[PDB]
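Visitor: sequence, then the experimental structure. Questions to follow.
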Amino acid sequence: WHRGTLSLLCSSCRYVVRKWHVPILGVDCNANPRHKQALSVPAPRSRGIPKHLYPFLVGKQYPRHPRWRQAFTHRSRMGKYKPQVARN
Amino acid sequence: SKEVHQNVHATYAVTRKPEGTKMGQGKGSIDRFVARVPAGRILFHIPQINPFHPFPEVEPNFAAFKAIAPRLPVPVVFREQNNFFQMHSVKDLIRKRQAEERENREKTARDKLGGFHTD
Amino acid sequence: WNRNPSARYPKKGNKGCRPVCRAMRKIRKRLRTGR
Amino acid sequence: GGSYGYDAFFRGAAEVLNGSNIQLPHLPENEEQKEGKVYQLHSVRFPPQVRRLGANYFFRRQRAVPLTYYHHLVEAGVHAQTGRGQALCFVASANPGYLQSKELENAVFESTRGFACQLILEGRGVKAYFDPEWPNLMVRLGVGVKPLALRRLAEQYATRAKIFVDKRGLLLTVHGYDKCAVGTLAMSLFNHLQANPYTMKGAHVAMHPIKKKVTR
Amino acid sequence: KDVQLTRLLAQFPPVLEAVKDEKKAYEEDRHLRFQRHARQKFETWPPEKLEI
Amino acid sequence: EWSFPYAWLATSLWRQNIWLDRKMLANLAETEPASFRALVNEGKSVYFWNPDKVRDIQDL
Amino acid sequence: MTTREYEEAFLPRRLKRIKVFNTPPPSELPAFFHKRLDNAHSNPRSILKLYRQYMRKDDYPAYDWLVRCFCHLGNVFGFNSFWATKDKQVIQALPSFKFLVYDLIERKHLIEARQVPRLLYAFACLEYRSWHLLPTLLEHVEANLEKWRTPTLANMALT
Amino acid sequence: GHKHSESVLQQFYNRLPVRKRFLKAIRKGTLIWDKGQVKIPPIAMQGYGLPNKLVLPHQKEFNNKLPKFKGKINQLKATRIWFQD
Amino acid sequence: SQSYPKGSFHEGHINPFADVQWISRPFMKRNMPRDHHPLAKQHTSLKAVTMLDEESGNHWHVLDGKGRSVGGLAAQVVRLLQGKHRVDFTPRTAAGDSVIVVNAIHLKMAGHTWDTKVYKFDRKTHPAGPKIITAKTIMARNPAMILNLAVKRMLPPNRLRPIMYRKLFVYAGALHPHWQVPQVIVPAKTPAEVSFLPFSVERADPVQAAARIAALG
Amino acid sequence: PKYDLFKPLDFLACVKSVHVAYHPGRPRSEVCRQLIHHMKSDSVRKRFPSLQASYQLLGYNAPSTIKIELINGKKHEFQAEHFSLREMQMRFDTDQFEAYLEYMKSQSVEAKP
Amino acid sequence: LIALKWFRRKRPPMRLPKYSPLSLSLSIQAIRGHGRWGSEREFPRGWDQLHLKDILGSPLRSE
Amino acid sequence: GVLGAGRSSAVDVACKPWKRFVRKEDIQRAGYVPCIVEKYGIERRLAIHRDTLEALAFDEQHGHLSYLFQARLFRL
RNA sequence: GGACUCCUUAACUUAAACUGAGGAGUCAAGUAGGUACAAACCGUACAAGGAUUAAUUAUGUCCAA
RNA sequence: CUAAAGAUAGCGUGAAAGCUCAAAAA
RNA sequence: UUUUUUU
RNA sequence: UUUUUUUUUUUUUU
RNA sequence: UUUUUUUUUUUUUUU
């Protein structure tokens, strides 16, 4: 009875390991042969996220470059609009 | 016999492109309704209070929530808050009494042999 | 699923976390923030 | 290694904290063994056979707490025995668990009496007779079926274990000095002597009968 | 160390007999032989006895 | 060769007010073995410093 | 909110970290360590670490403190304790213990009469014998033969 | 091979100098590749805490306080167990 | 013939709760290399020996790779082969010295490498693809190859690689067939004498010894 | 599955008769009481019905004594004040296993009274 | 010969020892007066702590 | 009785000063909870140990911020 | 009546290198360096010209180096 | 020996019988 | 040139 | 731990 | 428990 997980269903179940083609876990039951479970058909694994990208993933991500051109511009800073400036 | 209550209601509407529409010909018709459930919001709760105060050795019951947590599209965590305080605990008193009895016993045993003076 | 094209290869060390033509950067953040 | 999984990243691995406290196989372990335990040094007197273990098991083997060992050797109706005039070994330790290892008892049993096992035979016409003399074992598996030559096993296990059969031929006893060998032999025998659940014609290890079945 | 210990032991030659605590076994079956890589024989078609 | 890595050597030299380019260093290393050894010995003295107290535990 | 990693990702990697808590340092090393010794009485590692810290902080620690630390280390391996002789041998085979005994030997001349019984008891407990201090201790014992109490005389004879 | 384009995850697997037997296993999920070695995937037990190497930096403080298992697989008494993704 | 090979994990415990879940060996327990019981004389290994020659200018380095790591050994060998250890190193030419390796069979490999490692050999326009050969076969047939390939893949990818490769000598056995070169392993010598006896022998009373012997007899 | 072939033998297994004689209140007298209670247990009564057990209380200060006779005619005598339940069994384990071996050979262990 | 420095054996010294939780737990139990022989508080056993403290703290007599 | 109305509920804990040029984040990372005290007096800054504060805050094994937390008399 | 990326956001299947907005960098019109392999990412005391010289930067320090 | 033992938690049969667990003692 | 395990 | 080992097992807990 | 990561260009894991 291949299953994607393992659980203790009997009163005397024991988590063992079978020497199959590959090391595979399993559950053996003495009072019921039907409860014999073998974890050999799991779900496909996903592609994990690298650790080094953690800093730039979680938390408030502020803009890299700030905005200053809109707050920097002035008539005095332009030769075409400087003469029109009047302090009187 | 038990009572339950819901804390989230489906009111946000969402549209979907009908099968047979071009790239862009305006917004599609309403498809279904969803509820914007942010993190930390409660979904279901049972006001029922654990009556078994002098029995802290038993964990709560969450079979009902276990039966539906796989269904939900979000990870859920069980919770159970009560009015039970530390000060009002019998564990402390039991501990105290055990300590006292131990001490008493020890004292008695030392005094019996007479290896040391009394008082 | 999003796994064939080159706009989804993670940044490795010394790239700035935003190389040319990336989508997964903004996908994961969005996902976490709400899907 | 260095890669977060989707479950632990997004979901945060919340499944482990989504289990119920009901329909459990076993009751929770009582949290009684709290602060206030007083340890003491226990000592046991074992027969002089454990000397065969040597220092490699008592000193070389690493352990959490020290494991001392001493050998009290003494020069040599009713068996009126006392605590004096005989040899023995003192094994003392602070952990009672170390004073109950199966190896210590095996060191004595292997060189004193050894081990044994039994197999019971059942079924109509099932008989386990003997050839002219050892080593030649034949077992008949029902009426009309040819016997099974079991000489291979006996030759394999010669001088390590021996097989005995009662007059009736319904019991297969195995006697040996090696635990492993004995067990292996027994199970080897039972592998081809296993009984059918329907006809119930074969062999079985004692205290483990097979359940009967019927067709619908 | 081995040299020095051998020299020390050379000065105390054995006097009494040694005592052994080896494993007990059925010595009677010493003359038996076991063949591993032994093929199964089929002399005759109808088998009178099954050879495992 | 003389059990003195470049890593150490560089530091040792610089700490000494020594201003010798890698070109001359390398040329010396090949043409003037003795000269090079002199430099290495000079550097080692500075690099390797003893503490204020020395303890002997040979007989203990 | 923001994460520490995020913040740190835009600063030199070798940049030092600010201090959150600052308190005055201990003015008197002997008085500072005497109070610390009051808590370590069962853990040999704590005693050894305290001695190492004092040795690193000062080149000539207090002789009374050194004697007290040696007695504290010796007391742990008592006769009624469950410790083994291998644990005493490996302890004797440590460099820090050799440094402590060397420090005691250097200024052995500052040994008081009342500190001899404790040194002998520690020697008996640790099964460690020296020809560097025992000859001096015996001189004091014989000199003050006519002043020791009966229990001390018996314990010294047994040791 | 004949396929023109392949997934990066598949490609990665394709580059593993191992036997077919282990390749299949790896593909399936019964086995993992890490540090140039193949080992059994981590085991997630019900109620017990997961390894500190798999949780997020901010989750380690809470993970360390959970119960831990210091026994063998035979002695394990977990109601349910599965591989940690 | 009809089933998968018997791995090393088939003969031991399995511990999933650990880094080294199962130990792996090139051969079975009953198949591991061993020495003949009748030693005609005892031998001792010199670790490494070196021969200089000013006239011909060809230097030799004989090493003992007994219980050493393949990677480390390879790494070390590479240095010598390249000749980077000398002051007068010229990348254009091969400034290295001849290297001899013995006891290659005794090498070790950490992790599950003996049972989960293979080697690929490219084929020019072959439908079947590259030929795959397991490491157990290579160990069985020619152990030296294990080190040889590691060194080869370590050496720079240039036209000098063959040259550098040629000078390398690896043997599974103890001794070598070379004529004019010292042996790493030489017959053992008599231990040095000691100027002191670490024993204190004290005989007992002959009468009591005889009485005890008679009682025991 | 996992079959249990070997099983430890009970203290009262293959025993013909047992006799106990001790003085209540004597130091190191727990063995006697434990043995008595074991002998007069329920499990014992069911597993070994043909067992002859008896205890005596001495009216004077005297050392404890335990006498055990097996089915094969072997006899043993021990002091409760210098031994334990566990230690005692190791002294006569050989004869007990000899008798059990003979019984095993001769008959099946699954028999019932 | 210097070239072959990698082949040299080395053994650093032991900075500090290592002990198990039970080994450390037994030490405080012994110090508190629960040694192997018995309870010092219940009965004064040999090499006790209180007697040693007094005799070694007041060894000299009063003039 | 145990459940009597004549029972005190006050707590007494120590605090640490808030150093100059110190952020909330720094303190938080250090293993402390920053706090301030503000009415009927000058504004004071303190830091309370996490393991000490959280223990009072979350006085249940399967609970969140308790109601009682805001119903006490802290003697800082 | 513009191609990639950062923050906010409209549309879409919280899809797509699309479709369209608000404000910073780069390319367009940028060299050499790093990121394995082909503008957009990091860094630059950023390419008038010549020579066998010294430096805290992204970042590295088992081998290819 | 004393103490304790759910209207009955897990096996079993044809309506039964029988075993085990909890509790108690050690 | 590995660390930790209060009293 | 024993060539016990196609999906079958023993011993010892390392 | 830690040093060893997407080191996923190759070798190697020598701790």
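Guide: Cool, got the structure. Numbers count the residues shown, from 1 in each chain, chains lettered A, B, ... in the order given.
Visitor: for chain G, what's the nearest residue on chain C?
Guide: Nearest residue of chain C to chain G (CB to the nearest CB) works out as residue C:17 at 8.7 Å. Every residue, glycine included, has its C-beta placed from N, CA and C.
Visitor: burial count for the residue nearest to that residue when sequence neighbours are not counted?
Guide: The shortest distance from residue C:17 to any non-neighbouring residue, by CB to CB, 6 or more residues apart in numbering or on different chains, is to residue A:56 (4.4 Å). The burial count assigned to residue A:56 is 18, neighbours taken as other CB atoms under 10 Å in any protein chain shown.
Visitor: again with residue I:60
Guide: 18.
Visitor: backbone phi and psi for it, please?
Guide: Backbone torsions of residue I:60, given as degrees, to the nearest 10, read phi -130, psi 140.
Visitor: show me which residues of chain L are close to chain C?
Guide: Taking CB under 8 Å from any CB of the partner chain as the criterion, chain C has no neighbours within chain L.
Visitor: helices of chain L, start to end?
Guide: With DSSP state H applied, chain L shows helices at L:24-30, L:50-57, listed in chain order.
Visitor: TSV for those helices, including mean neighbour count and distance to residue D:123?
Guide: Compiled in TSV, the helices of chain L are given as follows (neighbours: other CB atoms under 10 Å in any protein chain shown; distance: least, CB to CB, whole Å):
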stretch	mean neighbour count	distance to residue D:123
helix L:24-30	15	77
helix L:50-57	14	70
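Visitor: and the residue nearest the centre of chain B?
Guide: Centroid-nearest residue in chain B, with CA atoms, centre = their mean: residue B:79, separated by 2.0 Å.
Visitor: with adjacent residues omitted, what lies nearest to that residue?
Guide: Excluding the flanking residues, the one nearest residue B:79 by CB to CB, 6+ apart is residue L:62, at 6.2 Å.
Visitor: run a quick neighbour tally on that neighbour.
Guide: Residue L:62, neighbours per other CB under 10 Å, totals 13.
Visitor: for it, give me its contacts.
Guide: B:59-60, B:78-81 (CB atoms under 8 Å, 6 or more residues apart in numbering or on different chains).
Visitor: just residue D:147 next, same as before
Guide: Residue D:147 touches D:138-141, E:49-50, counting by CB under 8 Å, 6+ apart.
Visitor: 10 Å instead?
Guide: Residues near residue D:147 by CB atoms under 10 Å, 6 or more residues apart in numbering or on different chains: D:127-129, D:131, D:137-141, E:47-51.
Visitor: count the neighbours of the residue of chain C found nearest RNA strand N for me.
Guide: RNA strand N sits closest to residue C:35 of chain C, with a gap of 42.4 Å, by CB to the nearest atom of the strand. Neighbours of residue C:35 under the rule other CB under 10 Å: 9.
Visitor: tell me which residue lies nearest the centroid of chain E.
Guide: residue E:30 (8.4 Å).
Visitor: ditto for chain L
Guide: residue L:53 (4.9 Å).
Visitor: now for residue 81, how many residues are close by?
Guide: Went with chain A since none was named. Other residues within reach of residue A:81, judged by other CB under 10 Å, total 11.
Visitor: my bad, chain I
Guide: With other CB under 10 Å as criterion, residue I:81 counts 24.
Visitor: for it, what are phi and psi?
Guide: Torsion angles, degrees, to the nearest 10, at residue I:81: phi -60, psi -50.
Visitor: how close does it sit to residue A:11?
Guide: 66 Å (CB to CB, to the nearest Å).
Visitor: got the contact list for the nearest residue to residue D:85 once chain neighbours are set aside?
Guide: Residue nearest to residue D:85 in three dimensions, not counting chain neighbours: residue D:74, with 6.5 Å by CB to CB, 6+ apart. Residue D:74 makes contact with D:48, D:84-88, according to CB under 10 Å, 6+ apart.
Visitor: roughly how far does the closest residue to residue B:48 other than its chain neighbours sit from chain I?
Guide: Of all residues beyond its chain neighbours, the one nearest residue B:48 is residue B:2 (7.0 Å), with distances taken as CB to CB, 6+ apart. Using CB to the nearest CB, to the nearest Å, one gets 42 Å for the distance from residue B:2 to chain I.
Visitor: what does residue D:206 give?
Guide: Residue D:206 is 30 Å from chain I, by CB to the nearest CB.
Visitor: same question, residue E:6
Guide: Distance, residue E:6 to chain I, by CB to the nearest CB: 11 Å.
Visitor: show me the helices in chain G, by range?
Guide: G:4-8, G:29-36, G:44-57, G:63-76, G:85-92, G:95-106, G:116-126, G:134-143, G:150-158.
Visitor: do the last one and chain K meet?
Guide: Yes: Helix G:150-158 lies in contact with chain K when judged by CB under 10 Å from any CB of the partner chain; the contacting residues are G:150-156, G:158.
Visitor: does chain B sit close to that helix?
Guide: No: applying CB under 10 Å from any CB, one finds helix G:150-158 out of contact with chain B, separated by at least 17.6 Å.
Visitor: re earlier: and the helices of chain L: which comes nearest RNA strand O?
Guide: helix L:50-57 (14.4 Å).
Visitor: and the closest one with RNA strand O, contact?
Guide: No: counting by CB under 7 Å from any atom of the strand, RNA strand O is not contacted by helix L:50-57; separation bottoms out at 14.4 Å.
Visitor: now distance to RNA strand P, secondary structure and neighbour count too, for the contacts of residue D:74, in CSV please.
Guide: What follows is the contacts of residue D:74, written out as CSV (distance: CB to the nearest atom of the strand, whole Å; DSSP: H, G, I helix; E, B strand; the rest coil; neighbours: other CB atoms under 10 Å in any protein chain shown):
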residue, distance to RNA strand P, secondary structure, neighbour count
D:48, 20, helix, 16
D:84, 31, coil, 7
D:85, 31, coil, 9
D:86, 26, coil, 13
D:87, 24, coil, 13
D:88, 21, strand, 19
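Visitor: how close does the residue in chain C that chain J sits nearest to sit to residue C:12?
Guide: Closest to chain J within chain C is residue C:1: 43.4 Å, counting by CB to the nearest CB. The gap separating residue C:1 from residue C:12 is 22 Å, by CB to CB.
Visitor: of the two, who's got more company?
Guide: Shown here are residue C:1 and residue C:12; by other CB under 10 Å, residue C:12 has more neighbours (10 against 7).
Visitor: so that one touches residue A:51, yeah?
Guide: No: using CB atoms under 10 Å, residue C:12 is not in contact with residue A:51; the gap is 11.8 Å.
Visitor: residues shared between the contacts of those two?
Guide: By CB under 10 Å, 6+ apart, no residue touches both residue C:12 and residue A:51.
Visitor: which among the contacts of residue L:62 end up buried?
Guide: B:59, B:78, B:80 (16 or more other CB atoms under 10 Å in any protein chain shown).
Visitor: so what's the first one closest to, chain neighbours aside?
Guide: By that I understand residue B:59. residue D:21 (4.2 Å).
Visitor: and residue K:60, what is it in contact with?
Guide: Per CB under 10 Å, 6+ apart, neighbours of residue K:60: G:113-114, G:117, G:144, G:147-149, G:152.
Visitor: lovely, talk soon.
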